[PDB]
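In: Structure for this input, please:
(chains A, B, C, D, E, F, G, H and I, ligands or ions: 12)
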Amino acid sequence: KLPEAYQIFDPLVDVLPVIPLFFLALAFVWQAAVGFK
Amino acid sequence: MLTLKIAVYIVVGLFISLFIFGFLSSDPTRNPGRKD
Amino acid sequence: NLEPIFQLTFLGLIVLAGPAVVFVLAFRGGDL
Amino acid sequence: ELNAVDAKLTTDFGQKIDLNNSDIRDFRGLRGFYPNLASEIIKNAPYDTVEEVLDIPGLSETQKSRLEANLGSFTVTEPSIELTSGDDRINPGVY
Amino acid sequence: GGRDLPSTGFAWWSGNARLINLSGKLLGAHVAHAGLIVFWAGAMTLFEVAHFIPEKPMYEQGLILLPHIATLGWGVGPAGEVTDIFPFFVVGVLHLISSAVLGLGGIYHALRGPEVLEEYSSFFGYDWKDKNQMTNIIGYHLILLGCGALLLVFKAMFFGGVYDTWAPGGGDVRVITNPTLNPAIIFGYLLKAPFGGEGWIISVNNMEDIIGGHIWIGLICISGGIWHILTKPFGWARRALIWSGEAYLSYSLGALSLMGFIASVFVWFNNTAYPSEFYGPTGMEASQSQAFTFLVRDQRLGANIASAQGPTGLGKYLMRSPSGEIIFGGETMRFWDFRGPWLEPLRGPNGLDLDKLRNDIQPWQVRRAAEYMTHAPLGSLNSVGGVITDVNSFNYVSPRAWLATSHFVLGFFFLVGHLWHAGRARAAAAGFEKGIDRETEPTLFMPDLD
Amino acid sequence: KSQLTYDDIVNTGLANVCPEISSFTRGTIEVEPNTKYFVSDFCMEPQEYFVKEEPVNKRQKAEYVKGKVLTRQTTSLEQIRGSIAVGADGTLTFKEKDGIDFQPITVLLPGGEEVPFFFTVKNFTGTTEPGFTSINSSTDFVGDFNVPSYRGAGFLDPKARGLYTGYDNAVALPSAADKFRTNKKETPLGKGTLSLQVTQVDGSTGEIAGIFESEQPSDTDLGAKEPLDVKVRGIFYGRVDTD
Amino acid sequence: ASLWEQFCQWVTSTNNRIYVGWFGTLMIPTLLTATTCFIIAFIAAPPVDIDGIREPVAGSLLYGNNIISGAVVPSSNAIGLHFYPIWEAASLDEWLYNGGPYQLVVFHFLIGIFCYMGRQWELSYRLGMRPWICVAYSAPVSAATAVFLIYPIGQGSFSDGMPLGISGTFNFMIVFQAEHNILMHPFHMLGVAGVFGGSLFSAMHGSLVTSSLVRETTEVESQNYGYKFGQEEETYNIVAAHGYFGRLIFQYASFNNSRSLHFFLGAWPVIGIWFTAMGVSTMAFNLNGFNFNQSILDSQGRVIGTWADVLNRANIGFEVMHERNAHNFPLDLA
Amino acid sequence: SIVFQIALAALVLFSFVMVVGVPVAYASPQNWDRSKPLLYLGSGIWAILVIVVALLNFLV
Amino acid sequence: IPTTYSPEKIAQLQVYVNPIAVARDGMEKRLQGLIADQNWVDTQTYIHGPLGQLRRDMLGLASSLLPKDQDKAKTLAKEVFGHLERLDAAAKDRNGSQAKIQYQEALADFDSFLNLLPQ
Ligand code: CLA
Ligand code: CLA
Ligand code: CLA
Ligand code: CLA
Ligand code: CLA
Ligand SMILES: CC1=C(/C=C/C(C)=C/C=C/C(C)=C/C=C/C=C(C)/C=C/C=C(C)/C=C/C2=C(C)CCCC2(C)C)C(C)(C)CCC1
Ligand SMILES: CC1=C(/C=C/C(C)=C/C=C/C(C)=C/C=C/C=C(C)/C=C/C=C(C)/C=C/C2=C(C)CCCC2(C)C)C(C)(C)CCC1
Ligand SMILES: CCCCCCCCCCCCO[C@@H]1O[C@H](CO)[C@@H](O[C@H]2O[C@H](CO)[C@@H](O)[C@H](O)[C@H]2O)[C@H](O)[C@H]1O
Ligand code: OEX
Ligand SMILES: [Ca+2]
Ligand SMILES: [Cl-]
Ligand SMILES: [Cl-]
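Out: Residues are numbered from 1 along each chain as shown, chains lettered A, B, ... in the order given. Ligands and ions are numbered 1, 2, ... in the order given. The protein structure is shown below:
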């Protein structure tokens, strides 16, 4: 696992990799805020 | 079999060479629109 | 335990961060 | 008309362990047989009678005693090459 | 540049097409996307490290990045046992931090930086028609890729070596001291049939060939970089190709499709650059292992596996390949081209050797065959291992399966993208990408077919 | 063969070729009167196949016809271990013990008939004449061998009929199911005759080579039809352990 | 001017009754080769030892097959993925017995269909069209490549390619389901949506256009004669079709833009077929459909069955019987 | 050792602040006079944070 | 850091000592004669076969050994493996003289390794 000093942020490393999915979603959010100009 | 192999190799090489040199022969200009 | 709780807190903060950026830009009049 | 294996199942081969036709899996019910003693018995087949299973060359005292204990479960029939060819007494395609 | 349909002619769902002529904004998009890539590398590595049980093999734990680091010789020793977990952690961290930096730069260029770069600098400003500048950028990047290939070479030679699954005494991290610079071998790999038993470049089976081919790749790429910096495209290239941003994109898409197909095949078949220690057995390896496992078991039971004929009359355990070699029987006859470090000690000049099979089989080989047979790259989409008719209690899908499937899918869709963009680039260059002009509809000036 | 590696041999067909000794070889292998010598890597490479066609007329010569092999370079016995015992009078007795001592082979005949047969040397016992105090160019081991059924008793025919597995009847035709003779499978143990003429002895290395001719039955397809007679001509090699 | 230029002008000529083109210069020879061999083999090929166990399978009409049962049989499992051209067989009889015709036909066919797709692009370019009909065609091509090339590669043998026959196709399908549970694979579900929906949308579009035809004929003659080839006037009333459909479901679910409608008609089946092609191509690497066997347990721990367990029973029944003599060991890995 | 945890949590907090602010700062030309130096400052601080963590990795 | 041999620590070394002793016996008996007979195929098969666990076993010796004898044993095992790799290289190229040289190198380094073995 993560070396011992870092297992306070194990639950953050657990969710970090899916972030680019949220970027792809954020593109559509931004386009929705601009009314899909 | 060896005669067959050589003959097929010649035939295939000629067809591939045709296709390659045709697409090298200024193919983008063979269109009904712009020729730049 | 608390691993799903902590995980969901991180996930929710992340989920808000992007839309929060977009909403702030839209409301304060930044370029979009 | 039964082919040859079904006619074998008509005989004692279908009622107990045949020392000359049974597969090695069929020795598993005899505690202490599978795999070592069972392999030894199949290797030193055929047997004219059941008792010569005790005359297997090179046998050991505990294996001897196990054979004497389980003599009752054994029979000897004529070796049918259908059950013997291809080392099917070791692996007849059953898993 | 406009940011809507009336001022760009592109809808929102094709909005990135608006960037085609905004060189600064396009650079920002590229740098931010590179940040996304590096971010995923770092985050996925950290996730895998966190979710890593270092005494359970990597391939049993859904890991695709850690095997890449292990194969490079970091954090592993003999038989691939994980010595130090810290190098995996450092690779992940470094990618995460540099990803932050790349994202910041991409955001700067995409959102505040100069819209176009051509009136700010001749060096970074580019025009898609500027054949000299396009080849300059090809040259800079070719030099960089040659540097990366030589980086692999340096790691294998002078920085601890790489994992050699073919190492005598057992697979181990070893330093490659004699890479094959011999051009005959290096470039005859490229001439081998892409079919069974030859396996065009998939068949590279020793780290010496891999490292030497990478030395050659480094030299070729660097020389091509210098060649393209100092020259402009020749007449034949100018006449055959389309010279536009979308055309260059389409060319790269074709290249990417080819590479994706090749990588899927590579991970499916090759157990040298993808050691089975980290990636698990190939399908061929698992089939051969099953045949070997039952040969060994039935031999211990007393079966004379040399002379045992199966139900069809072919040998149950051993048979001949169509070229005469002694091979495992059963359906695995199709996999007789397989070579693996656990099986080659039993292979003689004629194929499998009866004497070695009868008195050279080691307990570690038996264990390895059992392991590989039970980790055959078969599994369900919800990660239930084994043949599809098995029940739910074995949570396993081979990393080779994940990698091969994903890369075949990506290769195909990038072939589709290549077709889309090549067709569009041609039509736009000829000026009919927006439909048939009613006045000059070409078919109307064409004679009737019959 | 020669002295290369599996890398040099693979996909060449050399793996199916029985090793050969030399040309300047007319040695002899002296043998004790009554001791037995192991034979290490006995190889038989078939080269010619003939099937005795069966005329419909009667009573007329059948005329072996040359067939052509449809299976590929998968026709050779190799790595066979055996023994040679020297009789009290001087007779030489070759006994096949094991190895890769069978290959299924299919030959095509003129007329389109395909003949599978189980080419084998299994349990071959062969003898020479008495008065042999050596193995030389006149050593002719003539003997017999067994020919197991081509298909094992675990084989299933296209309607899943078999001997120790499968249906015992024609299930696709419920009202005629027991009507077919092929509902009963058999695997009779056939007999073949082999002759190994030794032609070349390298007594220092122990290698003997020679010609062979074998006569055996073909596949009956679990007794569906009568066996043809297949004659195989070829070459053989082996190493005789003198010590 | 030059002989080469004249030849180029001929091959790329839009006046040829059948366009040839540079892609055509490969398509035509390979496709004719595949066709000639296919016809000859389907009619007259001798049996092929597909499973590599010397158990030849009769595929041709002359060996007792009808049209439904006939096939060009895939090459032998003994061959695996090896290249088996005619000149690598000691005799034509050997080549036939090991299934060489299958390899010849398949390789030429695949080259031909890729060249067909290139040729579609080429002709659209010569006619000044937009270029993407070939993109739609890349869906059937992808599926064909999956079943004839990708799946055999992943499985390690051309013996596991789809046979070139009707019953052979069914056999391929049944075994594929037994080994991969393709029905429970979402990409096949998407392919089914693609084809069911494509047929739905074909019927819907055809029926709405036919319903809204402008009166130009009498009740005696075919209404088809109301359309004259090469008219610009629209032959149907799209606004009336939109009125009907937006009242059938609701207004905002109906297209009123013919361009968007036809884009949707193109895109739906094409995307579905791409997905099902990718499904077959990834099950080639044994990433199979969902496995919910024994997913539902009662409180004690006994399995409660679902329809997935019944499906698995069917799959096992198919699996244990397929290639009944080919397996020596307990797991069907290869 | 608790100083290492404190530095780690500080780096994560400042990374969150950066993730929020940076796009807004680059996407507000009007308030670019006072958000251009902050950008600089923040980046430096974030850089410093990373450095501290790295050193503390070998101190802990 | 006991830094002293004991009855119980020796038994935990034995589980790796047995395979290594068998391997060294084989290396003295069979591998030498395979090299002498100019038999490269069987040489490669032997060094990848019965030896195919040598690195694991001998590193288990090294890492589970005395604090003084840990790094020394690791280095000696590495030298043995390097000579084994050169042996494989020499056998692949049919280099008899180089093969015998590397064999003597590997055997001497193996003897040096087993020298620092208690009892
Ligand atoms: C090459 C890419 C790749 C590969 C081979 C893998 C492989 C794996 N991942 Mg992973 N991952 C990836 C990318 C990849 N990942 C990316 C980009 C992310 C960021 C989101 C992640 C984040 C991630 C997490 C959090 C986890 C994994 C896990 C795993 C393992 C379990 C796989 C699984 O069950 O998923 C299930 C399969 C699916 C959900 C099906 C996905 C199908 C997609 C949608 C296909 C899209 C089709 C097509 C491209 C659509 C566009 C075409 C268009 C024209 C229509 C496995 C080894 C798990 C693991 O075991 O960790 C150790 C795990 O927990 N991954
Ligand atoms: C990798 C994905 C990617 C990238 C790098 C880009 C990049 C870009 N797009 Mg875009 N786009 C995408 C996907 C992407 N796109 C997708 C999937 C769609 C379909 C929905 C679109 C549809 C689209 C349209 C319609 C347009 C663009 C445009 C643009 C350009 C201008 C951006 C802009 O001004 O808007 C501003 C948006 C904001 C200011 C919102 C905030 C965005 C920031 C960067 C969020 C970053 C958050 C991050 C976590 C913070 C980290 C900072 C640091 C601490 C590391 C730009 C270079 C425009 C263009 O072409 O310009 C001429 C345009 O008109 N795109
Ligand atoms: C391929 C990526 C790329 C490219 C082509 C550019 C290009 C450009 N940038 Mg940019 N940038 C990038 C990434 C990139 N950037 C990233 C990742 C960041 C975040 C740190 C930035 C942040 C940034 C800012 C704040 C500014 C620019 C500016 C510029 C423009 C002026 C360049 C110049 O003269 O400065 C001088 C160039 C040098 C002094 C050379 C230094 C080379 C680097 C910094 C050292 C490392 C070299 C490395 C070893 C090489 C390989 C990299 C390695 C990672 C593989 C120019 C068009 C400026 C501008 O737009 O002017 C109006 C400007 O304001 N960039
Ligand atoms: C990504 C890297 C890259 C890219 C994008 C380019 C791009 C280009 N190069 Mg190139 N080059 C590179 C790397 C690269 N090069 C390197 C590393 C070297 C050093 C060896 C060279 C040396 C080089 C020379 C000498 C020339 C170019 C030229 C060109 C231009 C036209 C060539 C062409 O039509 O391509 C495609 C190739 C053809 C159309 C010829 C047909 C080639 C065969 C028939 C294709 C068959 C491949 C086969 C199907 C695939 C199987 C794989 C394998 C078995 C072969 C073009 C812009 C030309 C130029 O314009 O000079 C300035 C030129 O003469 N380059
Ligand atoms: C490096 C690769 C690359 C690059 C730089 C581009 C760039 C571009 N493409 Mg292109 N394309 C590519 C690959 C690429 N493409 C591939 C592989 C395909 C085959 C599918 C295509 C097919 C394609 C079409 C049909 C079109 C473009 C178009 C464009 C232009 C605008 C596109 C846009 O705004 O995106 C906007 C982004 C979106 C609308 C979001 C799309 C989301 C996809 C469909 C699903 C994502 C699935 C993914 C796997 C994640 C799964 C999520 C899961 C968790 C549910 C732009 C210049 C347009 C064009 O021609 O401009 C002139 C256009 O019509 N491309
Ligand atoms: C432009 C644009 C776009 C895009 C964007 C992008 C693409 C981006 C990005 C970006 C990126 C790419 C980023 C990033 C980041 C990173 C960060 C921010 C970091 C960090 C850090 C940290 C904090 C870490 C920590 C740690 C450590 C140190 C180790 C251990 C673990 C942990 C995790 C704790 C979009 C589409 C939206 C639209 C609009 C336009
Ligand atoms: C590293 C390595 C190696 C090596 C490798 C190498 C050495 C390579 C290479 C390679 C190369 C060197 C390549 C290439 C390529 C090419 C291509 C891919 C091409 C092409 C083409 C094209 C695309 C063209 C097109 C066209 C035509 C056809 C005509 C018209 C015009 C055009 C352009 C359209 C080895 C294996 C040893 C081992 C492993 C690792
Ligand atoms: C539970 C209740 C139902 C939940 C419904 C969830 C789905 C709702 C729609 C999702 C949002 C779509 O977002 C919608 O995009 C359209 C494009 O036509 C844009 O439409 C709007 O654009 C801008 C807003 O900035 C306005 O000036 C414009 O007059 C208006 O048309 C808006 O961005 C939003 O109205
Ligand atoms: O070959 Mn036609 O299918 Ca593919 O899975 Mn293994 O192999 Mn056979 O057994 Mn099931
Ligand atoms: Ca965790
Ligand atoms: Cl079947
Ligand atoms: Cl099998």
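In: Give me the neighbour count for the nearest residue to residue E:98 once chain neighbours are set aside.
Out: Nearest non-adjacent residue to residue E:98, counting by CB to CB, 6 or more residues apart in numbering or on different chains: residue E:38, 5.5 Å away. Backbone N, C-alpha and C define where each C-beta goes, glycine included. Per other CB atoms under 10 Å in any protein chain shown, the neighbour tally for residue E:38 reads 20.
In: Count the neighbours of residue 26 for me.
Out: Let's take chain A. 16.
In: Actually, chain D is the one I wanted.
Out: With other CB under 10 Å as criterion, residue D:26 counts 18.
In: farthest residue from the center of chain F?
Out: residue F:175 (43.5 Å; CA atoms, centre = their mean).
In: would you say it is within a strand?
Out: No - under DSSP: H, G, I helix; E, B strand; the rest coil, residue F:175 sits outside any strand and is assigned helix.
In: isn't the residue nearest to residue E:98 right up against residue E:94?
Out: No - using CB atoms under 8 Å, residue E:38 is not in contact with residue E:94; the gap is 9.0 Å.
In: Show me which residues of chain H sit near ligand 6.
Out: Contacts of chain H with ligand 6, taken as CB under 6 Å from any ligand atom, map to H:8, H:11, H:12, H:15, H:19, H:53.
In: Tell me the most packed of those residues, by neighbour count.
Out: residue H:8 leads the residues of chain H next to ligand 6 on contacts (other CB under 10 Å) with 20 neighbours.
In: Return the residues in contact with that residue.
Out: Listed by CB atoms under 8 Å, 6 or more residues apart in numbering or on different chains, the contact set of residue H:8 reads A:5, A:6, A:8, A:9, H:53.
In: which of the residues you listed are buried?
Out: Buried subset of the contacts of residue H:8 (neighbour count, 16 or more other CB atoms under 10 Å in any protein chain shown): A:6, A:9, H:53.
In: picking that back up, now go through the residues of chain H next to ligand 6 and say which are in helices.
Out: H:8, H:11, H:12, H:15, H:19, H:53 (DSSP state H).
In: Spatially, what comes nearest to residue H:38 if we skip its sequence neighbours?
Out: residue H:25 (6.8 Å).
In: how far out from the middle of the chain is the helix or strand harbouring that neighbour?
Out: Secondary structure assigned from DSSP states H and E places residue H:25 in helix H:2-26. Relative to its parent chain, helix H:2-26 has a centroid offset of 5 Å by CA atoms, centre = their mean, to the nearest Å.
In: is chain E contacted by the host helix or strand of residue G:206?
Out: Residue G:206 is part of helix G:186-211, with elements assigned from DSSP H and E. Yes - Helix G:186-211 reaches chain E (CB under 8 Å from any CB of the partner chain) through residue G:186.
In: And that helix, what's buried?
Out: G:187, G:188, G:189, G:190, G:191, G:193, G:194, G:197, G:198, G:201, G:205, G:208.
In: residues touching the last one, list them.
Out: Spelled out, it's residue G:208. G:241, G:244, G:245.
In: touching chain E at all, stretch A:22-33?
Out: Yes - Stretch A:22-33 lies within reach of chain E by CB under 8 Å from any CB, at A:23, A:31.
In: do that stretch and ligand 1 meet?
Out: No - using CB under 6 Å from any ligand atom, stretch A:22-33 stays clear of ligand 1, with a minimum separation of 9.2 Å.
In: what's next to that stretch, contact-wise?
Out: A:37, C:14, C:15, C:18, C:19, C:22, C:23, C:26, C:32, E:12, E:15, E:36.
In: Weed out the non-buried ones from those residues.
Out: C:14, C:18, C:19, C:22, E:12, E:15, E:36.
In: What count of nearby residues applies to residue F:62?
Out: So residue F:62, with other CB under 10 Å, has 12 neighbours.
In: Am I right that it is in contact with residue F:55?
Out: Yes - the pair residue F:62 and residue F:55 qualifies as a contact (CB under 8 Å) at a distance of 6.4 Å.
In: Which strands or helices does the helix or strand residue I:98 falls within pack on?
Out: Assigned by DSSP H and E, residue I:98 falls within helix I:96-115. If you count contacts as 3 or more CB pairs under 8 Å, 6 or more residues apart in numbering or on different chains; DSSP states H and E, helix I:96-115 packs onto helix I:7-26, helix I:32-36, helix I:69-92.
In: Most tightly packed of these?
Out: helix I:69-92 (a mean of 20; mean count of other CB atoms under 10 Å in any protein chain shown).
In: May I have the phi/psi pair for residue 2?
Out: Assuming you mean chain A. phi -70, psi 140 (degrees, to the nearest 10).
In: Perfect, that will be all.
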